[PDB]
Ligand SMILES: Cc1cc2nc3c(=O)[nH]c(=O)nc-3n(C[C@H](O)[C@H](O)[C@H](O)COP(=O)(O)O)c2cc1C
Ligand SMILES: Cc1cc2nc3c(=O)[nH]c(=O)nc-3n(C[C@H](O)[C@H](O)[C@H](O)COP(=O)(O)O)c2cc1C
Ligand SMILES: CCCCCCCCCCCC[N+](C)(C)CC(=O)[O-]
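Chains as they are written, first to last, in the deposited numbering: chain B, 14 to 129; chain A, 13 to 130.
Here's what the structure looks like:
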């Protein structure tokens with residue numbers, strides 16, 4: 014019971030950008046593997062959802078950076094608790110993209126037909 | 013009183029999960045969760061179930077007893093149980109992310125047809 018898990022949800026900045034998501038992914042993947050932080054970040058449809066677990070001080074501090082990040086707002090901690098055993102293997106990223114986010118990147122589906 | 017709890021778990025979907033199984037889970041859950049006033053959501057993606065459930069402590073603990081011994085998934089890991097003042101979900105629903113490999117496991121395929129229109 015010498016570790017914590019932390020779980021929060023937040024709302025993306027409405028002007029969040031691909032670059033932003035790309036910065037968050039890259040930063041996230043590298044610091045967490047180094048701080049021994051295990052868990053998962055999900056982004057779908059303007060909402061973030063994240064689990065983190067590890068040393069209490071390493072979680073307490075990554076959450077400190079996260080709670081002041083202007084890339085999201087309304088950071089709502091859903092579960093904080095002493096764990097004795099990590100319940101996630103390393104760090105997992107899962108970003109899903111709807112048609113809305115697609116039209117909202119200038120992107121569209123297109124079928125290619127080539128004469129062969 | 014009318015205090016409420018929230019429980020969240022992840023699990024591994026049975027390798028041999030079938031469309032019938034998903035039909036059963038959805039029909040059963042919808043019917044019982046409405047009767048027992050359990051709100052939340054079940055997610056399926058790339059072999060994993062994740063469920064969020066809310067309601068009265070006895071109603072959540074009861075459904076979790078059943079969920080935990082259900083042979084349609086294994087490795088049920090409770091991730092959070094927390095007191096809540098209010099529900100974050102209005103009702104209940106299942107959300108499924110369906111891959112090419114999901115399709116083929118269920119013995120299904122899409123086929124496209126071309127159709128004249130105005
Ligand atoms: C939704 C969201 C999730 C994030 N998740 C992580 C993460 O798990 N690990 C991490 O090191 N930084 C994460 N960050 C980025 C940090 O808030 C922050 O940019 C990073 O710790 C570097 O801080 P610094 O700019 O003061 O050096 C996340 C940011 C957002 C908006
Ligand atoms: C991943 C998964 C999620 C489930 N979620 C619920 C649920 O939210 N509510 C529910 O009543 N049963 C749920 N069940 C079904 C129960 O485990 C159990 O089969 C049911 O309560 C008893 O069904 P019966 O009355 O038809 O015998 C779930 C099962 C699985 C495999
Ligand atoms: C019982 C209700 C059956 C509904 C079938 C819907 C599942 C379709 C999945 C198709 C997967 C194709 N992928 C994901 C690759 C996208 C595409 O090619 O358009």
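Note that CB positions come from ideal geometry on N, CA and C, so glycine has one too.
* Can the beta-carbon of residue 50(B) be found closer than 9 angstroms to that of residue 66(B)? -> Mapped onto the first chain, residue 50(B) falls at position 37. Mapped onto the first chain, residue 66(B) falls at position 53. In this structure, residue 66(B) lies closer than 9 angstroms to residue 50(B) by Cβ.
*Establish whether the CB of residue 91(A) and some CB of chain B are separated by less than 9 angstroms.*
Here residue 91(A) refers to the residue found at position 79 of the second chain. For residue 91(A), the nearest CB of chain B lies under 9 angstroms from its own CB, placing it at the interface with that chain.
For residue 11(A), count neighbouring C-beta atoms within 10 Å of its own C-beta (all shown protein chains included) and say buried if the count is 16 or more, exposed if not.
Because residue 11(A) is not part of the residues shown, which for chain A are 13 to 130, the question remains open.
Using a beta-carbon distance below 9 angstroms, is residue 20(A) in contact with chain B?
Walking along the second chain from the start, residue 20(A) turns up at place 8. Yes, its Cβ sits closer than 9 angstroms to a Cβ of chain B.
Q) Less than 9 angstroms separating the beta-carbons of residue 41(B) and residue 87(B)? A) Within the first chain, numbered from 1, the residue matching residue 41(B) stands at position 28. Within the first chain, numbered from 1, the residue matching residue 87(B) stands at position 74. Contact: no.
Looking at chain B, is there any beta carbon in it that lies within less than 9 angstroms of the beta carbon of residue 94(A)? The sequence position of residue 94(A) within the second chain is 82, counting from 1. Closer than 9 angstroms to some Cβ of chain B, the Cβ of residue 94(A) qualifies, so yes.
**the region 48-63 of chain A in contact with the region 94-114 of chain A per 3-pair CB rule at 8 angstroms** = yes
For the 8 angstroms Cβ check, are there 3 or more pairs between the region 87-101 of chain B and the region 85-99 of chain A? yes
*Listed by chain order, which residues have C-beta atoms less than 6 angstroms from any heavy atom of ligand 3?*
110(A), 112(A), 115(A), 122(A)
Going by beta carbon distance, what residues of the same chain come within less than 7 angstroms of residue 85(B), once the five residues before and after it are set aside? To locate residue 85(B), count along the first chain from 1; it is residue 72. Cβ within range, chain order: 23, 24, 25, 26, 61.
Buried or exposed: residue 63(A), going by 16 or more other Cβ atoms within 10 Å of its Cβ? Against the second chain, residue 63(A) aligns to sequence position 51. The residue is buried, with at least 16 neighbouring Cβ atoms inside 10 Å.
Using CA atoms only, rank isn't needed, just tell me which of 16(B), 74(B), 117(B), 14(B) is closest to residue 28(B). For the purposes of this step, residue 28(B) is identified with residue 15 of the first chain, where counting begins at 1. The candidate whose alpha carbon is nearest that of residue 28(B) is 117(B).
task: List in chain order: all unbroken beta strand (DSSP E) runs of 3+ residues lying wholly within the region 68-104 of chain A.
output: Listed in chain order, the beta strand (DSSP E) runs fully inside the region 68-104 of chain A are 85-96, counting runs of at least 3 residues.
*Roughly how many angstroms separate the alpha carbons of residue 77(A) and residue 99(A), rounded to a whole number?*
Here the question's residue 77(A) lines up with position 65 in the second chain. Here the question's residue 99(A) lines up with position 87 in the second chain. Residue 77(A) and residue 99(A): Cα-Cα distance of roughly 21 angstroms.
Less than 9 angstroms separating the beta-carbons of residue 17(B) and residue 75(B)? What you label residue 17(B) is simply residue 4 of the first chain in a count that begins at 1. What you label residue 75(B) is simply residue 62 of the first chain in a count that begins at 1. Not in contact: residue 17(B) and residue 75(B) (Cβ atoms no closer than 9 angstroms).
query: Near residue 46(A), which residues of its chain fall below 8 angstroms by C-beta distance, leaving aside the five closest residues on each side in sequence?
result: Translated into positions along the second chain, residue 46(A) becomes position 34. Excluding positions up to five away in sequence, the list reads 103, 104.
- Query: CA-CA distance, residue 13(A) and residue 124(B)?
  - Reply: Counting from 1 along the second chain, the entry for residue 13(A) is found at position 1. Counting from 1 along the first chain, the entry for residue 124(B) is found at position 111. Roughly 58 angstroms separates the two Cα atoms.
* State yes or no: is the C-beta of residue 84(B) nearer than 8 angstroms to some heavy atom of ligand 1? => Sequence index remark: in the first chain, residue 84(B) carries index 71 (1-based). Yes.
Inter-residue Cα distance where the pair is residue 81(B) and residue 128(B): If you number the first chain from 1, residue 81(B) lands on position 68. If you number the first chain from 1, residue 128(B) lands on position 115. Cα to Cα, the separation comes out at about 54 angstroms.
> For ligand 2, is there a heavy atom less than 8 angstroms away from the beta-carbon of residue 104(A)?
Replying inline: Within the second chain, numbered from 1, the residue matching residue 104(A) stands at position 92. Residue 104(A): yes, Cβ under 8 angstroms from ligand 2.
message: At the level of alpha carbons, what is the spacing between residue 37(A) and residue 106(B)?
response: As a first step, residue 37(A) is located in the second chain; it is residue number 25 there, counting from the start. As a first step, residue 106(B) is located in the first chain; it is residue number 93 there, counting from the start. Taking C-alpha positions only, residue 37(A) is separated from residue 106(B) by approximately 27 angstroms.
Does any residue of chain B have a CB that is nearer than 9 angstroms to the CB of residue 57(A)? By one-based count along the second chain, residue 57(A) stands at place 45. Output row for residue 57(A): interface = yes.
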